[PDB]
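Colleague: target36.json is reproduced in full below (JSON, C-alpha atoms).
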```json
[["chain", "number", "residue", "atom", "x", "y", "z"],
["I", 1, "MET", "CA", -9.32, -13.24, -19.25],
["I", 2, "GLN", "CA", -6.67, -12.63, -16.62],
["I", 3, "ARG", "CA", -7.75, -10.67, -13.56],
["I", 4, "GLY", "CA", -6.04, -11.88, -10.41],
["I", 5, "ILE", "CA", -4.09, -15.00, -9.50],
["I", 6, "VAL", "CA", -4.38, -17.27, -6.50],
["I", 7, "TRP", "CA", -2.17, -20.26, -5.75],
["I", 8, "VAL", "CA", -4.07, -22.83, -3.73],
["I", 9, "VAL", "CA", -2.13, -25.03, -1.33],
["I", 10, "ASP", "CA", -4.46, -27.62, 0.15],
["I", 11, "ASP", "CA", -3.97, -31.33, 0.74],
["I", 12, "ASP", "CA", -7.60, -31.88, -0.15],
["I", 13, "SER", "CA", -9.66, -32.07, -3.32],
["I", 14, "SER", "CA", -12.69, -30.02, -2.35],
["I", 15, "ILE", "CA", -11.49, -26.47, -1.84],
["I", 16, "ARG", "CA", -8.95, -26.65, -4.64],
["I", 17, "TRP", "CA", -11.87, -27.22, -6.99],
["I", 18, "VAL", "CA", -14.21, -24.80, -5.28],
["I", 19, "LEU", "CA", -11.52, -22.14, -5.15],
["I", 20, "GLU", "CA", -10.47, -22.86, -8.72],
["I", 21, "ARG", "CA", -14.12, -22.95, -9.71],
["I", 22, "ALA", "CA", -15.07, -19.80, -7.85],
["I", 23, "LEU", "CA", -11.82, -18.13, -8.84],
["I", 24, "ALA", "CA", -12.44, -19.28, -12.40],
["I", 25, "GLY", "CA", -16.07, -18.33, -11.90],
["I", 26, "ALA", "CA", -15.54, -14.87, -10.48],
["I", 27, "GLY", "CA", -13.25, -14.09, -13.38],
["I", 28, "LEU", "CA", -9.98, -14.66, -11.57],
["I", 29, "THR", "CA", -7.04, -17.01, -11.97],
["I", 30, "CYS", "CA", -6.18, -19.89, -9.68],
["I", 31, "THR", "CA", -3.49, -22.55, -9.46],
["I", 32, "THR", "CA", -3.94, -25.65, -7.34],
["I", 33, "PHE", "CA", -0.71, -26.55, -5.57],
["I", 34, "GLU", "CA", -1.29, -29.26, -2.99],
["I", 35, "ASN", "CA", 2.46, -29.32, -2.45],
["I", 36, "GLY", "CA", 4.13, -26.45, -0.64],
["I", 37, "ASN", "CA", 7.14, -27.56, -2.66],
["I", 38, "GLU", "CA", 5.52, -26.81, -6.00],
["I", 39, "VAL", "CA", 4.34, -23.45, -4.72],
["I", 40, "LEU", "CA", 7.91, -23.14, -3.50],
["I", 41, "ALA", "CA", 9.63, -24.15, -6.71],
["I", 42, "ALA", "CA", 7.01, -22.13, -8.56],
["I", 43, "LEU", "CA", 7.11, -19.02, -6.40],
["I", 44, "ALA", "CA", 10.87, -19.32, -6.09],
["I", 45, "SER", "CA", 11.25, -18.00, -9.62],
["I", 46, "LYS", "CA", 8.44, -15.48, -9.49],
["I", 47, "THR", "CA", 5.28, -14.49, -7.65],
["I", 48, "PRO", "CA", 1.58, -14.34, -8.54],
["I", 49, "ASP", "CA", -0.88, -11.59, -7.66],
["I", 50, "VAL", "CA", -1.63, -13.35, -4.40],
["I", 51, "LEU", "CA", -1.69, -16.69, -2.63],
["I", 52, "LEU", "CA", -4.29, -18.70, -0.75],
["I", 53, "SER", "CA", -2.46, -21.50, 1.03],
["I", 54, "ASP", "CA", -4.04, -23.60, 3.75],
["I", 55, "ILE", "CA", -2.73, -25.57, 6.71],
["I", 56, "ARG", "CA", -1.31, -29.02, 6.09],
["I", 57, "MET", "CA", 2.12, -27.70, 7.01],
["I", 58, "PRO", "CA", 3.58, -28.34, 10.47],
["I", 59, "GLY", "CA", 3.79, -25.11, 12.43],
["I", 60, "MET", "CA", 1.47, -26.75, 14.93],
["I", 61, "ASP", "CA", -1.43, -26.46, 12.51],
["I", 62, "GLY", "CA", 0.65, -25.76, 9.43],
["I", 63, "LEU", "CA", 1.32, -22.03, 9.34],
["I", 64, "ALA", "CA", 5.07, -22.17, 9.86],
["I", 65, "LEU", "CA", 6.01, -22.89, 6.26],
["I", 66, "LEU", "CA", 4.60, -19.40, 5.83],
["I", 67, "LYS", "CA", 8.24, -18.39, 6.08],
["I", 68, "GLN", "CA", 8.70, -19.57, 2.51],
["I", 69, "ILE", "CA", 5.56, -17.70, 1.50],
["I", 70, "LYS", "CA", 6.71, -14.37, 2.89],
["I", 71, "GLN", "CA", 10.25, -15.34, 1.98],
["I", 72, "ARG", "CA", 8.95, -15.79, -1.54],
["I", 73, "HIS", "CA", 6.32, -13.07, -1.68],
["I", 74, "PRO", "CA", 6.98, -10.82, 1.32],
["I", 75, "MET", "CA", 4.30, -8.36, 0.27],
["I", 76, "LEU", "CA", 1.51, -10.32, -1.38],
["I", 77, "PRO", "CA", -1.78, -9.71, 0.45],
["I", 78, "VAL", "CA", -2.07, -13.41, 1.18],
["I", 79, "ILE", "CA", -4.97, -14.48, 3.37],
["I", 80, "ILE", "CA", -4.82, -18.25, 3.60],
["I", 81, "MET", "CA", -7.51, -20.45, 5.10],
["I", 82, "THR", "CA", -7.91, -21.56, 8.70],
["I", 83, "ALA", "CA", -10.17, -23.75, 10.79],
["I", 84, "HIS", "CA", -10.67, -21.09, 13.44],
["I", 85, "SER", "CA", -8.16, -22.87, 15.64],
["I", 86, "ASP", "CA", -5.69, -22.34, 12.83],
["I", 87, "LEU", "CA", -5.99, -18.57, 12.82],
["I", 88, "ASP", "CA", -4.34, -17.97, 16.17],
["I", 89, "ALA", "CA", -1.18, -18.92, 14.32],
["I", 90, "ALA", "CA", -1.98, -16.71, 11.35],
["I", 91, "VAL", "CA", -3.38, -13.80, 13.32],
["I", 92, "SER", "CA", -0.73, -14.01, 16.02],
["I", 93, "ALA", "CA", 2.38, -15.13, 14.17],
["I", 94, "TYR", "CA", 3.42, -12.57, 11.58],
["I", 95, "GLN", "CA", 5.74, -9.59, 11.35],
["I", 96, "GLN", "CA", 3.78, -7.11, 9.26],
["I", 97, "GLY", "CA", 0.38, -8.47, 10.21],
["I", 98, "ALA", "CA", -2.09, -7.49, 7.52],
["I", 99, "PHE", "CA", -3.99, -10.65, 6.66],
["I", 100, "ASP", "CA", -7.47, -12.00, 7.27],
["I", 101, "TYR", "CA", -6.97, -15.75, 7.05],
["I", 102, "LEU", "CA", -10.61, -16.53, 6.41],
["I", 103, "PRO", "CA", -12.03, -18.60, 9.28],
["I", 104, "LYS", "CA", -12.46, -21.58, 6.99],
["I", 105, "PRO", "CA", -14.62, -23.10, 6.22],
["I", 106, "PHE", "CA", -16.02, -19.95, 4.64],
["I", 107, "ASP", "CA", -17.73, -18.63, 1.54],
["I", 108, "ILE", "CA", -15.17, -19.14, -1.20],
["I", 109, "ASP", "CA", -16.97, -16.38, -3.06],
["I", 110, "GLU", "CA", -16.30, -14.17, -0.06],
["I", 111, "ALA", "CA", -12.64, -15.14, -0.31],
["I", 112, "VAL", "CA", -12.59, -14.59, -4.05],
["I", 113, "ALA", "CA", -14.40, -11.28, -3.78],
["I", 114, "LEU", "CA", -11.78, -10.33, -1.23],
["I", 115, "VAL", "CA", -8.84, -10.94, -3.53],
["I", 116, "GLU", "CA", -10.61, -8.90, -6.18],
["I", 117, "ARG", "CA", -10.45, -6.19, -3.54],
["I", 118, "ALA", "CA", -6.95, -7.05, -2.37],
["I", 119, "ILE", "CA", -5.47, -7.35, -5.84],
["I", 120, "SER", "CA", -6.71, -3.82, -6.39],
["I", 121, "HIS", "CA", -5.98, -2.29, -3.00],
["I", 122, "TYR", "CA", -2.49, -3.64, -3.61],
["I", 123, "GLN", "CA", -1.85, -0.46, -5.56],
["I", 124, "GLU", "CA", -1.20, 1.53, -2.40]]
```
Can I see the file as C-alpha cells?
Modeller:
Amino acid sequence: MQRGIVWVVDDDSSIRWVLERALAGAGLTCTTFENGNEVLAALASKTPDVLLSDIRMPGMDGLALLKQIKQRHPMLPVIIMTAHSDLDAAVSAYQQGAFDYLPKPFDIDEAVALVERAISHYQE
C-alpha cells in the first residue's frame, strides 16, 4: 500500500472514479475533491505527493484557482486535466512552467503512469 497520492478536483462523477479506480488500480493513492475548497482546506495544512485538478474553476476555463494550488504546493509536479482548449491556460499561464496538463479526455492510465514517473522524478 501507499505509493503516490493524487487529489482529484472535478465537478463530475466519471473521472473521479476512473482516476480513483486507475490510481487505486495502478497501486497509487487518490482523493476525490470536487470542491477546490476542500482541496484548499485540505492542502492548506499539508500537501500530497501530487495533484490532479481539473477545470470547473473560473479563470476563463477554470485554471485561475491554480494560484491556490501553487500557493499551497508550489513545487508539486501537478499536471491537471484539460479539454485541449483548456490547456492554453495551463501551458501558457504559469511561472515555472513544468506541467503537461493531459489533453483530456485522455488515458487515465497514461496519467497515472505519469505520476508514477513524476512522483519519482520528483527526487531531483
Colleague: Nearest to residue 107 in chain I: which of I:44, I:63, I:8, I:23 is it, counting only C-alpha atoms?
Modeller: I:23
Colleague: Given only C-alpha atoms as the basis, pick out the residue of I:75, I:42, I:30, I:83 nearest to residue 124 in chain I.
Modeller: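 Using only C-alpha atoms, residue 124 in chain I sits closest to I:75.
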Colleague: Would you list the contacts of residue 18 in chain I as a PyMOL selection string, taking every protein, DNA or RNA residue within 10 Å and counting only C-alpha atoms, but skipping same-chain residues closer than 4 positions in sequence?
Modeller: chain I and resi 13-14+22-25+107-109
Colleague: Please, what distance in Å, to one decimal, runs between CA of residue 80 in chain I and CA of residue 101 in chain I?
Modeller: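 Interatomic distance, CA of residue 80 in chain I to CA of residue 101 in chain I: 4.8 Å.
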Colleague: Can you work out which one of I:105, I:67, I:111, I:76 has the shortest atom-to-atom distance to residue 93 in chain I, counting all atoms listed in the file?
Modeller: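 Of I:105, I:67, I:111, I:76, the one nearest residue 93 in chain I is I:67, counting all atoms listed in the file.
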Colleague: Leaving out residue 52 in chain I and any residue of its chain fewer than 5 positions from it, which residues lie within 9 Å of it when counting all atoms listed in the file, given as an MDAnalysis selection string?
Modeller: chainID I and resid 6:10 78:81 101
Colleague: Which is closer to residue 4 in chain I than all the others in I:73, I:29, I:39, I:120, using only C-alpha atoms?
Modeller: I:29
Colleague: Restricting the calculation to only C-alpha atoms: of I:87, I:74, I:100, I:117, which residue gets closest to residue 55 in chain I?
Modeller: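 Closest to residue 55 in chain I of all the choices is I:87.
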Colleague: Report, in Å with one decimal, the straight-line distance from CA of residue 47 in chain I to CA of residue 123 in chain I.
Modeller: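 We find that CA of residue 47 in chain I and CA of residue 123 in chain I lie 15.9 Å from each other.
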Colleague: What separation in Å, quoted to one decimal, exists between CA of residue 69 in chain I and CA of residue 16 in chain I?
Modeller: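 So the two atoms, CA of residue 69 in chain I and CA of residue 16 in chain I, lie 18.1 Å apart.
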Colleague: Between I:27, I:88, I:98, I:34, which is the closest to residue 118 in chain I once you count all atoms listed in the file?
Modeller: I:98
